[PDB]
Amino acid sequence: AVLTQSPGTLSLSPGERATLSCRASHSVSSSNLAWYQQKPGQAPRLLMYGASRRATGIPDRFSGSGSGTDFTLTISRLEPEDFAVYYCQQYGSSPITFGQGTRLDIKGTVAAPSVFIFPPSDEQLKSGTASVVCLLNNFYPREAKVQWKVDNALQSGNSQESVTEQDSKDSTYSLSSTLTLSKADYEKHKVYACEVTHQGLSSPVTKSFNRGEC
């Protein structure tokens, strides 16, 4: 039984009604499905068992329903403490499985990222390694796509990304992407570019620099 949660990210305002869905590849016998809330740096907290039985200590606003292959977690009125990640979990089949999670964050107005690209410092190049950093500042929604190009060659698998926690005051996110190269490979190429795709951009945005031209 494989669990698929929808939507990946759910953006709503405090006081609104939240409905999270968990879909199973096969029917979950006797509605053996649980729900968890996980805040950053903590263990998951059980909210709901048996699809609809609320765990003790859980507020009235949390409600569950569904059966078969379609289960729903409902938060009637969203409080500030309710923005977190939510996992479903089936215990109807012998190997229990978890869903991939739904992120419930604060709704805001669409804002394109500001994109900056940072070449490696001479100090780091003297150590034999090169880190190219691309910054996407204060954007919404959270989904964004960073593509690295090196002399117009698409980089795939040699970068790592990191996303800040959502700003409660304006609901924006920030992302940093590090492309790591050896000093040798860095000196072979000229144009280092960061192409960004985002809902707030009608067209992809590219920031780039030219090694040796600066």
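Numbers for residues come from their place in the sequence shown, where the first is 1.
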If I read the C-alpha B-factors straight from the PDB entry, which of 120, 92, 113, 99 is highest?
92
Can you tell me which of 38, 159, 31, 162 has the maximum CA B-factor listed in the PDB entry?
31
Lowest, middle or highest third: where is residue 7 by Cα B-factor in its chain?
middle
In terms of the CA temperature factor given in the entry, to which third of its chain does residue 53 belong: lowest, middle or highest?
middle
Using the B-factor values recorded in the entry, state whether the Cα atom of residue 73 falls in the lowest, middle or highest third among the modelled residues of its chain.
lowest
Residue 134 - Cα temperature factor, lowest/middle/highest third of chain
lowest
Based on the entry's values, in what third of the chain does the Cα temperature factor of residue 149 lie: lowest, middle or highest?
lowest
